[PDB]
Amino acid sequence: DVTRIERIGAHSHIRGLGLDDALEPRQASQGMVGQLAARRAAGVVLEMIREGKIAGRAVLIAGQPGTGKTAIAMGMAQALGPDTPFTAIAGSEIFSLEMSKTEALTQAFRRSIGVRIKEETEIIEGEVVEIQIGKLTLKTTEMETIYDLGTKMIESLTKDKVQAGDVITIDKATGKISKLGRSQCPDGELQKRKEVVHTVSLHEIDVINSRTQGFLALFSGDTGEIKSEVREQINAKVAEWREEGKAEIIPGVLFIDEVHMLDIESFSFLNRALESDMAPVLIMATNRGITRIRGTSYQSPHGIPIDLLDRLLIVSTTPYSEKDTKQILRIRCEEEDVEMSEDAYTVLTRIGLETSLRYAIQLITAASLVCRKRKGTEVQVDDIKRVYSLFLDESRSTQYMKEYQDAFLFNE
Amino acid sequence: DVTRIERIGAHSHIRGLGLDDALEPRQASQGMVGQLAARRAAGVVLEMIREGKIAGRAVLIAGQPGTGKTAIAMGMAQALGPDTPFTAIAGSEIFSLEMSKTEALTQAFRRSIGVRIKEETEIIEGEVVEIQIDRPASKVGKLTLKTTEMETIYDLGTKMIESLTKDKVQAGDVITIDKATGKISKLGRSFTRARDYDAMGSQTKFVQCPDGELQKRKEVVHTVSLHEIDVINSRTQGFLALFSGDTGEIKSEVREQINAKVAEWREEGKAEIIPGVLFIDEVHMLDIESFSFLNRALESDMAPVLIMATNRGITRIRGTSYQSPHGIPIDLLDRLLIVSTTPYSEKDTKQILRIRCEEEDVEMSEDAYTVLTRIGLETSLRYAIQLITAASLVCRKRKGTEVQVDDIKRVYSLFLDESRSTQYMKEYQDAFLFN
Amino acid sequence: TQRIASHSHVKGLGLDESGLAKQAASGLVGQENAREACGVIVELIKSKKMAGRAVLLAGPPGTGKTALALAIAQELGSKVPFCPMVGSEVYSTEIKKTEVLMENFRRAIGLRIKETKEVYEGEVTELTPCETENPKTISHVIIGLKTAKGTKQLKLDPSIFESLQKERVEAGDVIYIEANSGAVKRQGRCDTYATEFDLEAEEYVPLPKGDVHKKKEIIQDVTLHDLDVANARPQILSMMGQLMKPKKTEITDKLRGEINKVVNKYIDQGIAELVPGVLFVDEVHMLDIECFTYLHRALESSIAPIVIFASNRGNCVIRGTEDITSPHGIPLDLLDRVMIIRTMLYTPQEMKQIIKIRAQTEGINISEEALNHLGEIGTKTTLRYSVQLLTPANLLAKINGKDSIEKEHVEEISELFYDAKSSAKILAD
Amino acid sequence: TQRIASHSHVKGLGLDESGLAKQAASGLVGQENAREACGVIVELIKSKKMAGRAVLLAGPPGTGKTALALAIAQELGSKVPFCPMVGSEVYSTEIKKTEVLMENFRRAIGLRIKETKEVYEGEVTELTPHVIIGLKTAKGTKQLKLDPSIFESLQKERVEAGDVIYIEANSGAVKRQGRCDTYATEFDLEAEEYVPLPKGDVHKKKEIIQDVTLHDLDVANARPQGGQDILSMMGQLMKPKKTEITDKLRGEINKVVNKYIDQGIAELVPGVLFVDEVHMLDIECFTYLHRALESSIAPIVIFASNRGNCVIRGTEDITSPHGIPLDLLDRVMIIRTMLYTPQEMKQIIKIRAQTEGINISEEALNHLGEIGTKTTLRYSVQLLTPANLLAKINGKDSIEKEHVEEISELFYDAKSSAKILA
Amino acid sequence: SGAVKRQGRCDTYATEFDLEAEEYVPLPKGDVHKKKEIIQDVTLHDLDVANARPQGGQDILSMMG
Amino acid sequence: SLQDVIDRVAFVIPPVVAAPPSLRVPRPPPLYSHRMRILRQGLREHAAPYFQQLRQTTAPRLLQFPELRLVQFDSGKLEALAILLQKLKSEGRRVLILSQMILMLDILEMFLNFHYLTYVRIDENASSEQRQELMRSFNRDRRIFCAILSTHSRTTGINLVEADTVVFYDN
Ligand SMILES: Nc1ncnc2c1ncn2[C@@H]1O[C@H](COP(=O)(O)OP(=O)(O)O)[C@@H](O)[C@H]1O
Ligand SMILES: Nc1ncnc2c1ncn2[C@@H]1O[C@H](COP(=O)(O)OP(=O)(O)O)[C@@H](O)[C@H]1O
Ligand SMILES: Nc1ncnc2c1ncn2[C@@H]1O[C@H](COP(=O)(O)OP(=O)(O)O)[C@@H](O)[C@H]1O
Ligand SMILES: Nc1ncnc2c1ncn2[C@@H]1O[C@H](COP(=O)(O)OP(=O)(O)O)[C@@H](O)[C@H]1O
Ligand SMILES: [Mg+2]
Ligand SMILES: [Mg+2]
Ligand SMILES: [Mg+2]
Ligand SMILES: [Mg+2]
């Protein structure tokens, strides 16, 4: 267990929203720090999602860069149960060359609504004793039984060579036989009834039923503009399953990070998409102030037209204070297993307030590396100064670019 | 005499750069006139290409219109020969609906790098003097070949019998058998079929009898560009896309695999790299994305020598709002050498007109040469060149032998240059659309 | 053919033997200097010496630029390939603009293939093998062939026995045998053995006419673009290709070079003869900067045809550029590679001559006073407008039971239909 | 000798044990601060702990940004993935910009999988129609029962008794490589190629280590080439084309790779993505890169930019310090490259001459340095090979000052050409 | 239309074997011959897309489609 | 016309190959299973006349064996032996190659097959009767150009050898 696929990213320390049962946000809990009002609002939205009764609710997280909006979204994803879908896309991902923008938004919406289907099946698992072709003898460590074979079951056992001593499992309803080795023999009952629960998103249903071997389009893409008739027929069939009790609907979350990259066409589509009864809870994040909407000449409070802003509730994220910045640095250091002296913590907090929080987070790893090079054990002020000298922030880099403006290309 | 596919084009008189051993250009050699500095630079660049040791060297030929930039490029191509690849594209050719601009530039670069493969083959070559095939109704057979030096009787396997039957090998055929794969090729017949056979209506010439040993160890040289290798390896039916051009964006992993195996083939004895030239005429039609790709593309070890031409001065780079020399960004201009061409004089223009008359096979008087040189200096070199052909036609219409001044004045009056046409357009501007 | 088009009266450049343009001949009136220069261009095309030479027809609308190009085409005949194009056609959705241009270039280079086949065809009357002692052994296969002219016996090579049984040739079967390969091909039972009571279609064929042995010459006309398309995508891969849409492809220069080599080999062998022709590009000002730049290189190729450009835009901004104006919407770089032929506005007399020729071609009887009135209308308005009034006035006259147009009919048709300028006047008000 | 590229001299960063840059080591000259920063970045990459950390090399043109990036690539080694790319390559005609970025992110994550390859090899004896075929080798003969798919593969190879075949049961691939050398004397002339009998066992298991990217697994599962079944074969006829791989597929590949790492039969090797001309990306790509770099899977990404305060592609009037919007400049560490002094230029020119096999005298070197004080460093370097060609033509084995002067008279620089045009 | 659909095996034979990979469906309850007047709502667009491309064809080109 | 130059150049194998993902369901619907079954049946029935063509035009290139050219080029001794054998064959001579290593004899076998030379191998694992049979076959069949013998084989049982040239590959 070394170098797993999941490594330490920007939001690895966030394990939840860090809220009490009253949704009161703790100052530091589950990796979160400060943002008390916005975390409380995120918890209310999370409770809305868990209830799942209301459809088409939209929430926008707004604030300055670095104020923890994506962190709040990641915390809401972590706190939300893995059973409930949570689709997270960037706003630039809808500009596909294989489908229209409205089609991409439709697919993203349908990926955020899950259909949970439970069904029972009968599974036979045991050790083969004798096979005659037909008759089949199976035994466990506690019981033994002989079965009379059918023509199709005889064909299934002939295609997959099964002999005495093999340990195999057979699906009673389908005859699917898979050999798992030769003989530990199974202990309990030979024939068991198992319920299995699959959660299938509406988009998976649509694509699976779009064409022969359509499920391959769930993996490679290649899903064209799915016909509206198929979607309507599936919506009706799913409603019928909900009425009959064969399936339950699990409403989820679609998160569009940096939604300001959407154009007026996409926003107009979102205006009507959130009005369906199968619409999920939409969460958006944007740092833009009053700025021009892509595809138009009109400026809007968040690059989002006021039509859509009227369909959503806005959550604001404040700047952090010195204490919150220091606590975030501590949690990031704990996440990265970096030990720093208290003076180093103070210097890094001052740097983060002066220049940027992300700059301080990066300097954590840089200083850890510089300390490891010098055979150190705890990061000192000298290492923070060294990494501050080696690596520039946007402000200092800009000042140097102004100092040597004559050497740069297309400088203005 | 006969009208070939290739006719007299705008550069048919260019046979090379016209240089000596010291790369000092001659005044008039190999169809080149003047451009001494530009031709010396082109010779140095051609030596740099032929040495092949340096990759991604870019040279830009910059000058006024009609000063011989494409002529110099064609001279370099002629002096390079067919062995070394020389891919010439218009800059507007990269804007494709089948592939991205960067993919097009990659395919252009990879087309300009030859891979010269070598393999040894066992070849049987001789005259069929007797062939017997016996089949039921397995096949058995016996084949005897002669080569003046020896006569050997072979006992034939089933696959060789099938191949010989398919090729319809008959006695008196000079054939070649590739022992590595059994492919049978017929070089020709050595004597007629029996005269007693009707039809068979042919009396084809008979090739001379082979000499030496029947079986020889023959080394054969096959040259393919990197683009051909890429397209062949891109898919199961890739070779069909080499002609139709239906090549999508070839996966970069396949290109890396090919670059690695080609490096192995050149560490082994299997292949030799022949790096060539990519000539992007009118390079100012490239946009900022293409120049930015060219910046990194020239840093590859498999990059060829890139030659570029443009007449634009400080102009706006396509796709941007910035003005730069030659319509090329300063970042790419830093990565290239600029060669400048100078406007011609009276003597150079007269010599060019003489060479064009010689290639067009137009006899023309010295007074006609003087008036045409004056016209070319006044209007343009290409206009005078086109008046050569028009005046030849007018002279042949009147049953004359030598193009005189009257013919040049006639064709000058018949066909206008840009300036006189522009003046007449301004004189009748209300008749033209949108003023 | 049968229907009457705007250029159906243009039958060629009305040039004399001395190369001068007659005042009115072959349906063309005036444009003497432009017809003479077109004559020199026609001689250039027929000379086949030069490649890539460009000529620009430039002048006001309705000055015969397209008429002069189609007159050049008529002078060149139907043997010379003349490919009309309009600049709007380069904006294809399947292939790049430079591919459309190169394809139209190769369409204007013709190739004439000459195939001479020797065939022995007739109804089989005997298939007797010739037994012999080997120095059962057969040394020849005698086939007797019958045609309406007579009967011939052929001493064919014994190896043909395999093909005879493969083709299931029997007595009374019509066959043909090619001289070179010696392989037999069966084409059905002779129709002399067909009864009216049996049902088959392909298996019966009439007895061949002519001599049993025939020498046939087959001449086919193709373009280099035809060969390009044929070799780019030959006709289960065929099943998938025919099911899917067969889009145009960006044919590579490799294929074109190989095809040039093959055509040169044919010309050396004498099988083929080249007929280089003309690509006519009307409304060339619709091309964009990338197309004009490509044309710079294309016109410098030794393989290119002679191209005829036409423009009327005057000093106009080049398409695909911003504020870059040029004398004809064509960059000055391309204009240095083209000869320009100016076309001039017509006099009222020339307009009357053109109107009369149009009326003749349309089969319309026009009175002298009606012709004068329509000419005077055409000195106002435009020539095209006055020509367009001809057939509606003829129909109006036919309604009124008149076999010829009277002035009153011209007046009424003018009162019904308006020109661009009258409509602009109405719009302004 | 291999062809000499623009960055051929660069063999590494030339850092001492204490991580400080030597003035002239490993081909690099000067740029001590930037080499040290790239040192810390190389250590970060080797640590394999941090995902998605981005660094921006920002400086004037010709100041070593690409050379530093390739020095990092050399210091990492061939084991660590390194995916050089250009921002202009994201403008694919087949797939969206975000798919190209994601595919490049996945290319830079490597995976060494140890796979057990079981191979059946020998000379075929019997091909009884499931098929009970026999194989014979230098050791002995075995009888084997195989799936009908393997029989169809044998028929595709047209295997006949007496032929030597190689069967990889893992991939179901059969390679008929010849007829046994025993039969090689039966006929005086045959169309087939003969090969010796195999010397080993009929059934052999060999353990091999395969290096693949996560992108390789993604593309293999997206467009499968291993179905060997009717529908998959009919699909393989279709024209190949890049496809917008979904997040579901990448998640499934992530789970499979996690299972492999847990079983110990695979090792994951995070590498580097290098985007040379990041200013060629548009605002959509930068917005996607925001989310992409925050992922726990992303590799270490290195960016280069030589732009001043210029307009961000895809926006109207938004200007940023390097063409990168301020939101992405906050997520990256910036390394500044400074202009070269004339002495550093002379050292770099000498190194380039020594890499190109060119001998240059002290006076010629000084004249070339002076030329480099004007113009640019690249231009002064680019005069080396033309001048050496003229030296060889003039019968000298070293560049002299006269050859440098002649080449500078033959070839003009960007500034001289601009002055001529103006 | 003469279309025939085999909707499984009769449940009376569920005990003919102890392990068969078959789908048993109950015996129909009503009469053998069943009549029912029905209505279906379709749009003209549905007819358009049904006739846009052949479906249900046994020919190889229809199978590829 | 490219076939020969195509096969010399087709060498890229994909780094990863995988069968298509298989949609797994409990209780698959009878209608879906029947539709897939008849679809596959129809495709196989229509493809049967063209099945081998589909197989060859779709099957990917998974394996990459080292070219037989490399055996000769990796050893200078094999190159000098190739030149010597060519010279001796032009003179119609017969050659005996002796080597101490069995694996070297196997490499010599691959080398001779690459040169299309007929050979007989006599190692120590061949019984005395087999050794005599092989040597008698070599003497009888004048067409066998080379005989490769292990120096560790009991050559003392071979009295007569109708060969005039002996090559010691290794000492
Ligand atoms: N309240 C918080 N508690 C813990 N970490 C935080 C908090 N807010 C931000 N961060 C961390 O600081 C960095 C920047 O925050 P982020 O959410 O990326 O800002 P943005 O809203 O611009 O996306 C991230 O590493 C994030 O995990
Ligand atoms: N030095 C020269 N020697 C011979 N012919 C020349 C020379 N310079 C130009 N020409 C000819 O004059 C014409 C000028 O066109 P071109 O060389 O393409 O100029 P540019 O490419 O600079 O626009 C061409 O026909 C060219 O072959
Ligand atoms: N000189 C002429 N003689 C006879 N008919 C002419 C003449 N000029 C133009 N026409 C005819 O009048 C119409 C003018 O159209 P066209 O020649 O296409 O003009 P444009 O130069 O605007 O393309 C056409 O029907 C043409 O055939
Ligand atoms: N510090 C250095 N030492 C040695 N060679 C260098 C150094 N910096 C750049 N070069 C070389 O000079 C040329 C300039 O390239 P480079 O400066 O890397 O381009 P950029 O940094 O603008 O992308 C290349 O050949 C590069 O290898
Ligand atoms: Mg964010
Ligand atoms: Mg030119
Ligand atoms: Mg017209
Ligand atoms: Mg760079």
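By the numbers in Swiss-Prot, the shown part of chain C spans 12-146, 152-251, 256-449.
Determined by electron microscopy, 3.4 Å, according to the entry header.
Every residue, even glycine, has its Cβ placed from backbone N, Cα and C.
Over in Swiss-Prot, the protein carries these features:
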type     : residues                                               : note
BINDING  : C:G70, C:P71, C:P72, C:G73, C:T74, C:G75, C:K76, C:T77 : ATP binding site
CROSSLNK : C:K225                                                 : SUMO2 cross-link
CROSSLNK : C:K225                                                 : SUMO1 cross-link
CROSSLNK : C:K445                                                 : SUMO2 cross-link
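Sequence features, as recorded in Swiss-Prot, placed on the structure.
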residue : record           : DSSP (3 states)
C:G70   : ATP binding site : coil
C:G75   : ATP binding site : coil
C:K225  : SUMO2 cross-link : coil
C:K445  : SUMO2 cross-link : helix
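The record gives C:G70, C:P71, C:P72, C:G73, C:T74, C:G75, C:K76, C:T77 for ATP. Within 8 Å of the mean position of their Cβ atoms, the other Cβ atoms in that chain belong to C:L68, C:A78, C:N332, C:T363. Ranked by how many other Cβ atoms sit within 10 Å of their Cβ, the binding-site residues C:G70, C:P71, C:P72, C:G73, C:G75 place C:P72 at the bottom. For the recorded positions C:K76, C:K225, C:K445, the greatest number of Cβ atoms within 10 Å around a candidate Cβ is found at C:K76. Neighbour counts of Cβ atoms within 10 Å were compared for the binding-site residues C:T74, C:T77, and the top value is held by C:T74. Using a cut-off of under 8 A between C-beta atoms, the recorded positions C:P71, C:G73, C:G75, C:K76, C:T77, C:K445 that neighbour chain B are C:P71. Filtering C:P71, C:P72, C:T77 by Cβ distance to ligand 3 (under 6 A) retains the following binding-site residues: C:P72, C:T77. Rounded to a whole number, the distance between the Cα atoms of C:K445 (SUMO2 cross-link) and C:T74 (ATP binding site) is 24 Å. A distance of 52 Å separates the Cα atom of C:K76 (ATP binding site) from that of C:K225 (SUMO2 cross-link).
In this structure, the CA atom of C:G75 (ATP binding site) is 52 Å away from the CA atom of C:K225 (SUMO2 cross-link).
Ranked by Cα separation from C:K225 (SUMO2 cross-link), the binding-site residues C:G70, C:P71, C:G73 are led by C:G73.
For ligand 7, the nearby recorded positions are C:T77; that is, of C:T74, C:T77, C:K225, C:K445, these have a C-beta under 6 Å from one of its atoms. Between the alpha carbons (Cα) of C:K445 (SUMO2 cross-link) and C:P72 (ATP binding site) lies a span of roughly 20 Å.
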